[PDB]
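Please read the structure below before turning to the comments.
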Amino acid sequence: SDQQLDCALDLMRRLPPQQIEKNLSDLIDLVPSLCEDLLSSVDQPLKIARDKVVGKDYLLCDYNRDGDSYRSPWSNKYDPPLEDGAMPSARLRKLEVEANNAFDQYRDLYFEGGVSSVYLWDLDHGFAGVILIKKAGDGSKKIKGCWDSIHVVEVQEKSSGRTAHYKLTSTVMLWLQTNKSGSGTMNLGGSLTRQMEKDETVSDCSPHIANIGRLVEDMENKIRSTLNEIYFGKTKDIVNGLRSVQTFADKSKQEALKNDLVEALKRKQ
Amino acid sequence: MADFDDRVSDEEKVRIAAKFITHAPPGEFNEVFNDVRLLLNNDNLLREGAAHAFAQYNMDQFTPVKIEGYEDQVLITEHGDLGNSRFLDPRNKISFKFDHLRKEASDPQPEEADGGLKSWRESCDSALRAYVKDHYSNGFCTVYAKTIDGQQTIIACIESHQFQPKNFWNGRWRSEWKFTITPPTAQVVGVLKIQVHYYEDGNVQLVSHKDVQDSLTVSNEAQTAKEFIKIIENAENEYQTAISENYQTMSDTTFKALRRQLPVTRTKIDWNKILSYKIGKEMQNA
Amino acid sequence: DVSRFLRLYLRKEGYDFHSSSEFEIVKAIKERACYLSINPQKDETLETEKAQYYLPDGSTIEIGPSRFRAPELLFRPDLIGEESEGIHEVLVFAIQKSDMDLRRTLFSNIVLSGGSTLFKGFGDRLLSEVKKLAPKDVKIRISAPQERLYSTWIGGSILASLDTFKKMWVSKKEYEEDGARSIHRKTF
């Protein structure tokens, strides 16, 4: 049922972003034939798991999942345990753990806490992977929020010249609540998706992690600015459009003076 | 073989469909209904089973309806519900049937429910219309008179919306004010709610509300109606002002608190330095 | 802020201008010899020619790479350490916030003003950045009046000459009666 799949996805866009897990489950039970397409297509909140081997909290993706079991990036083990041995190389384990260390310092500086997990899988042309970042607001603090971001990267390594093609896709989902006595209980949700393509120089001085790292933070900065300025601005404009504090009668006085000016400007030509 | 023998029951389909329909965003109601219709694939079950979801949405939103032969519109609300899908128009002193799917009024009949509160309602309705015209560019209001547990109450509902699906946004304002007159005092209960959806190349949704509590000294009809409107004016002005303050506040506090624009050092991360520095700083800071 | 950033960079090069009077010379150096590079990382990496500047007393200082590295602050505010958008981001964002119908006309009609746009090759760098940030297949026409500095004043002279201006301003008597309200009511 292709028409039901379109209707299911179009509905989820309009439904509240906090009720996506419960609302998605209901649509899956109605049309269970398109369960795989709905789960894959629809953006879901990031689930967290505790690795008892290393003693570290890691974020769960679709890439690390081998059947039912999820691989922990710090331990490089599948929970529940498997004997499939799907690890593409030993060099990948060194690059993946080093990458996690790079973005572990990153999140501590920008976000200050939360969890970050980097999953790398090798490909014939060049390695790909996903970088999951999740930051939750303090429970005791009046301010409530939830940061979710998914950075999918595919690196196409060139034979000669050392100028790999970096393809980045970034999906951010933001929850906000302000419990100020003046306003009451304000809830402002949003979700944005963007893509970027560059051709950075790879070397010992300029490694893959350095080239990817700059592209990841650059996309987050553009999304942070655009959301706060463009989307949150437009939202404020509509609220002020609905009701006015100043009387229209007083506004029409200033409009009549402005209109008279415009006529006097077009007049004097 | 994916087990297709556990199909959702007709009662469960109605419960799910009714939830999706009743929570549809302002200006996207029909779009939600059409999607739900295809998902259930049972027109008889949805039409008969979700009838209360159409009534609930139209009343929750204060859906204004045009009555043939009258200049203004009347708001569809729970306070006007006379049964048999008919609502009271207290200004025009008639009842009418309302089609919740088509949003059409028909068969207007004389109906007078105000009783001894006619003078109280007329003073409040006139003062409110002047207020709505001054503060709402396309605002509508309906004022009902009720006796609640023996108490005299005037109920003022105000609705205003802006729907521009061609511009990828819809917004609705709602305000409900119940003024219960118990001489020498009156209880003021207000609920203000705003919802805005902007979905050009993304999805951002605002849902905000505030409960308002106040009290007044009861006088005559003319002075009591004027004081009620001024209480509404002050409370709605503070509410809109606080939302404007929250936009500036979120940028500086909550929004930056989740993700800083820069680290506490006010510098961009030097990825080449971090790879070598991480090892140096772990031993130098120990 | 660019003049302050240039002074900081010249001190690293080894030319001190501690006095407030000497800072005016740093501004004069910027105004006389300062160009905005079309590619910043190219000119940053490449070894720059030591371009000499003659100070009021007669002493010669080598300005060198500081010419093009100083003005970059307008497009990269992190250089000074300010959490703000670049000048090229401000222009595009301001247009994108406007309604869909006007966005194409606002991109078509872009007017440069202010003294800080007078940098050599400013228009070339800005026009490149606007096209990258702006949507695909949009016409970007940036017009610069020769008298950028005088644009604000000349407009004021035109408005003041109009008879409608007599109704627009607030008289002394009106101010005394209403107070601060009179300016807020009549100000646009």
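Identifiers in the structure tokens: chain A, B, ... in order shown; residue index from 1 per chain; ligand index from 1 in order shown.
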Problem - chain A contacts to chain B at 6 Å (only C-alpha atoms) as JSON, numbers by chain - result: {"A": [4, 7, 109, 110, 111, 182, 183, 184, 185, 186, 187, 188, 189, 190, 191, 192, 210, 243, 244, 245, 247, 248]}
Exercise for the section: Find the residues around residue 127 in chain C up to 12 Å (only C-alpha atoms counted), leave out those fewer than 6 positions away in its own chain, and share them as a list in words. Expected result: residues 38, 87, 88, 89, 91, 92, 107, 110, 111, 112, 121, 133, 134, 139, 140, 141, 142, 143 and 144 of chain C
Pull out every residue of chain A that has at least one atom within 9 Å of chain C, counting only C-alpha atoms, and report them as a CSV table (one decimal) with N, CA and C atoms, in the first residue's frame.
```
chain,number,residue,atom,x,y,z
A,225,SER,N,21.9,28.5,13.9
A,225,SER,CA,21.7,29.9,13.5
A,225,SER,C,20.3,30.0,12.7
A,226,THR,N,20.1,29.1,11.7
A,226,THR,CA,19.0,29.1,10.8
A,226,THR,C,17.7,28.9,11.6
A,229,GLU,N,17.0,31.9,14.1
A,229,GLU,CA,16.8,33.1,13.4
A,229,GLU,C,15.5,33.0,12.5
A,230,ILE,N,15.5,32.1,11.5
A,230,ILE,CA,14.5,32.0,10.4
A,230,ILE,C,13.2,31.4,10.9
A,231,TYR,N,13.2,30.2,11.5
A,231,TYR,CA,12.0,29.4,11.8
A,231,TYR,C,11.4,29.9,13.1
A,233,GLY,N,12.0,32.9,14.4
A,233,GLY,CA,11.6,34.3,14.0
A,233,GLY,C,10.2,34.3,13.4
A,234,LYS,N,10.0,33.6,12.3
A,234,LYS,CA,8.7,33.4,11.6
A,234,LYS,C,7.6,33.1,12.6
A,250,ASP,N,-5.1,53.4,16.0
A,250,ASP,CA,-3.9,54.2,16.2
A,250,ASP,C,-2.9,53.8,15.1
A,254,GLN,N,-0.8,56.3,11.7
A,254,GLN,CA,0.6,56.2,11.2
A,254,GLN,C,0.7,55.7,9.8
A,257,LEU,N,-0.2,58.6,7.4
A,257,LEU,CA,1.0,59.5,7.3
A,257,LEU,C,2.0,58.9,6.4
A,258,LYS,N,2.3,57.6,6.5
A,258,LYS,CA,3.3,56.8,5.7
A,258,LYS,C,2.8,56.7,4.3
A,260,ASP,N,0.6,58.8,2.8
A,260,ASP,CA,0.7,60.2,2.3
A,260,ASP,C,2.1,60.6,1.8
A,261,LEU,N,3.1,60.1,2.5
A,261,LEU,CA,4.5,60.3,2.2
A,261,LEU,C,4.8,59.6,0.9
A,264,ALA,N,3.4,61.4,-2.0
A,264,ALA,CA,4.3,62.6,-2.1
A,264,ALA,C,5.6,62.3,-2.8
A,265,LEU,N,6.1,61.1,-2.6
A,265,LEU,CA,7.4,60.6,-3.2
A,265,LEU,C,7.2,60.2,-4.7
```
Handout entry: chain B contacts on chain C, only C-alpha atoms, 8 Å, as an MDAnalysis selection string
Key = chainID C and resid 78 81:83 99:100
Export of prior selection with C-alpha atoms as an mmCIF file, in the first residue's frame:
```cif
data_model
loop_
_atom_site.group_PDB
_atom_site.id
_atom_site.type_symbol
_atom_site.label_atom_id
_atom_site.label_comp_id
_atom_site.auth_asym_id
_atom_site.auth_seq_id
_atom_site.Cartn_x
_atom_site.Cartn_y
_atom_site.Cartn_z
ATOM 1 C CA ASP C 78 35.407 34.160 15.504
ATOM 2 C CA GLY C 81 36.017 35.911 19.327
ATOM 3 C CA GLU C 82 32.411 37.146 18.875
ATOM 4 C CA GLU C 83 29.497 34.608 18.704
ATOM 5 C CA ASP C 99 7.768 36.576 2.262
ATOM 6 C CA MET C 100 8.350 34.229 -0.776
#
```
Exercise for the section: Run DSSP on the backbone and give me the residues of range 158-258 of chain A it puts in alpha helix (DSSP H), as a PyMOL selection string. Expected result: chain A and resi 208-226+232-242+248-258
Hey, can you spit out that residue selection with C-alpha atoms as an mmCIF file, in the first residue's frame?
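Final output, saved to selection_27.cif:
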```
data_model
loop_
_atom_site.group_PDB
_atom_site.id
_atom_site.type_symbol
_atom_site.label_atom_id
_atom_site.label_comp_id
_atom_site.auth_asym_id
_atom_site.auth_seq_id
_atom_site.Cartn_x
_atom_site.Cartn_y
_atom_site.Cartn_z
ATOM 1 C CA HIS A 208 40.147 12.103 7.780
ATOM 2 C CA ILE A 209 38.930 12.894 11.379
ATOM 3 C CA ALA A 210 40.121 16.572 11.048
ATOM 4 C CA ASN A 211 38.448 16.951 7.565
ATOM 5 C CA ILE A 212 35.129 15.325 8.791
ATOM 6 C CA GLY A 213 35.244 17.131 12.211
ATOM 7 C CA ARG A 214 35.210 20.633 10.568
ATOM 8 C CA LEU A 215 32.291 19.608 8.221
ATOM 9 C CA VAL A 216 30.207 18.191 11.185
ATOM 10 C CA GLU A 217 30.492 21.357 13.416
ATOM 11 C CA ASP A 218 30.026 23.697 10.340
ATOM 12 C CA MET A 219 26.620 22.014 9.527
ATOM 13 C CA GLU A 220 25.506 22.188 13.244
ATOM 14 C CA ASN A 221 26.448 25.964 13.342
ATOM 15 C CA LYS A 222 24.409 26.747 10.130
ATOM 16 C CA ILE A 223 21.402 24.680 11.482
ATOM 17 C CA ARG A 224 21.685 26.305 14.995
ATOM 18 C CA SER A 225 21.666 29.869 13.457
ATOM 19 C CA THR A 226 18.959 29.135 10.772
ATOM 20 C CA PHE A 232 11.793 30.712 15.486
ATOM 21 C CA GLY A 233 11.569 34.299 14.050
ATOM 22 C CA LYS A 234 8.713 33.443 11.590
ATOM 23 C CA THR A 235 6.890 31.672 14.531
ATOM 24 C CA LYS A 236 7.062 34.955 16.598
ATOM 25 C CA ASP A 237 5.798 36.993 13.536
ATOM 26 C CA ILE A 238 2.631 34.754 13.218
ATOM 27 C CA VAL A 239 1.877 35.048 17.024
ATOM 28 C CA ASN A 240 2.107 38.908 16.711
ATOM 29 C CA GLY A 241 -0.037 38.568 13.504
ATOM 30 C CA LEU A 242 -2.861 36.772 15.457
ATOM 31 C CA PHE A 248 -5.593 49.230 14.793
ATOM 32 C CA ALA A 249 -7.246 52.731 14.942
ATOM 33 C CA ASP A 250 -3.872 54.190 16.189
ATOM 34 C CA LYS A 251 -1.943 52.056 13.576
ATOM 35 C CA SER A 252 -4.118 53.428 10.658
ATOM 36 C CA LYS A 253 -3.147 57.024 11.764
ATOM 37 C CA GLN A 254 0.612 56.212 11.236
ATOM 38 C CA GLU A 255 -0.244 54.220 8.002
ATOM 39 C CA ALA A 256 -2.160 57.303 6.620
ATOM 40 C CA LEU A 257 0.962 59.521 7.267
ATOM 41 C CA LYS A 258 3.272 56.817 5.706
#
```
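Between CA of residue 54 in chain B and CA of residue 99 in chain B lies a distance of 9.4 Å.
Near range 139-145 of chain A, within 8 Å and counting only C-alpha atoms, sit residues 136, 137, 147, 174, 175, 176, 177, 178 and 179 of chain A; 254 and 258 of chain B, not including residues fewer than 2 positions from it in the same chain.
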Could the residues in this selection be written to a file with N, CA and C atoms, as a short mmCIF file (atom, residue, chain, number, x, y, z; two decimals), in the first residue's frame?
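Done, and the output landed in out.cif:
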```
data_model
loop_
_atom_site.label_atom_id
_atom_site.label_comp_id
_atom_site.auth_asym_id
_atom_site.auth_seq_id
_atom_site.Cartn_x
_atom_site.Cartn_y
_atom_site.Cartn_z
N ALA A 136 20.59 15.93 26.98
CA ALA A 136 19.32 16.08 27.74
C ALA A 136 19.49 17.20 28.77
N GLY A 137 18.47 18.06 28.91
CA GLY A 137 18.41 19.15 29.91
C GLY A 137 18.31 18.60 31.32
N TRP A 147 18.21 17.55 22.94
CA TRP A 147 18.99 17.65 21.67
C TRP A 147 19.17 16.25 21.09
N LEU A 174 14.94 19.00 17.87
CA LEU A 174 15.10 19.86 19.07
C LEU A 174 13.75 19.97 19.81
N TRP A 175 13.76 19.68 21.12
CA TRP A 175 12.63 19.92 22.05
C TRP A 175 12.99 21.09 22.98
N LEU A 176 12.02 21.96 23.26
CA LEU A 176 12.19 23.16 24.13
C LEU A 176 10.92 23.35 24.98
N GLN A 177 11.09 23.64 26.27
CA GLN A 177 10.00 24.02 27.21
C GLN A 177 10.49 25.14 28.13
N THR A 178 9.72 26.22 28.25
CA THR A 178 9.98 27.39 29.14
C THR A 178 8.81 27.53 30.12
N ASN A 179 9.07 27.31 31.42
CA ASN A 179 8.05 27.31 32.50
C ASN A 179 8.16 28.63 33.29
N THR B 254 18.18 28.88 27.24
CA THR B 254 17.81 27.50 26.92
C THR B 254 18.43 27.01 25.61
N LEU B 258 21.65 24.16 25.58
CA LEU B 258 21.67 22.84 24.93
C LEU B 258 22.90 22.67 24.02
#
```
Exercise for the section: Taking the DSSP assignment computed from this structure's backbone, write out as a ChimeraX atom specification all residues of range 27-185 of chain C that belong to strand (DSSP E or B). Expected result: /C:35,52-54,60-62,110-111,120,142-143
Could the residues in this selection be saved with C-alpha atoms as a PDB file, in the first residue's frame?
```
ATOM      1  CA  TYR C  35      42.334  44.692   0.341  1.00  0.00           C
ATOM      2  CA  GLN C  52      56.098  49.113   3.342  1.00  0.00           C
ATOM      3  CA  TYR C  53      54.017  52.048   4.803  1.00  0.00           C
ATOM      4  CA  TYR C  54      55.561  55.477   5.742  1.00  0.00           C
ATOM      5  CA  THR C  60      58.948  52.866   7.545  1.00  0.00           C
ATOM      6  CA  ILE C  61      56.945  49.752   8.726  1.00  0.00           C
ATOM      7  CA  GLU C  62      56.379  46.498   6.709  1.00  0.00           C
ATOM      8  CA  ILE C 110      20.807  44.640  -3.107  1.00  0.00           C
ATOM      9  CA  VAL C 111      22.222  48.113  -2.102  1.00  0.00           C
ATOM     10  CA  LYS C 120      39.442  46.874  -2.167  1.00  0.00           C
ATOM     11  CA  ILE C 142      24.640  43.989  -5.757  1.00  0.00           C
ATOM     12  CA  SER C 143      24.650  47.772  -6.617  1.00  0.00           C
TER      13      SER C 143
END
```
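Rounded to one decimal, CA of residue 225 in chain B and CA of residue 65 in chain B lie 25.5 Å from each other.
The space between CA of residue 203 in chain A and CA of residue 154 in chain A spans 17.8 Å.
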Practice task
Go through C:11, C:5, C:117, C:108 and flag the residue nearest residue 137 in chain C, using only C-alpha atoms for the distances.
Solution key: C:108
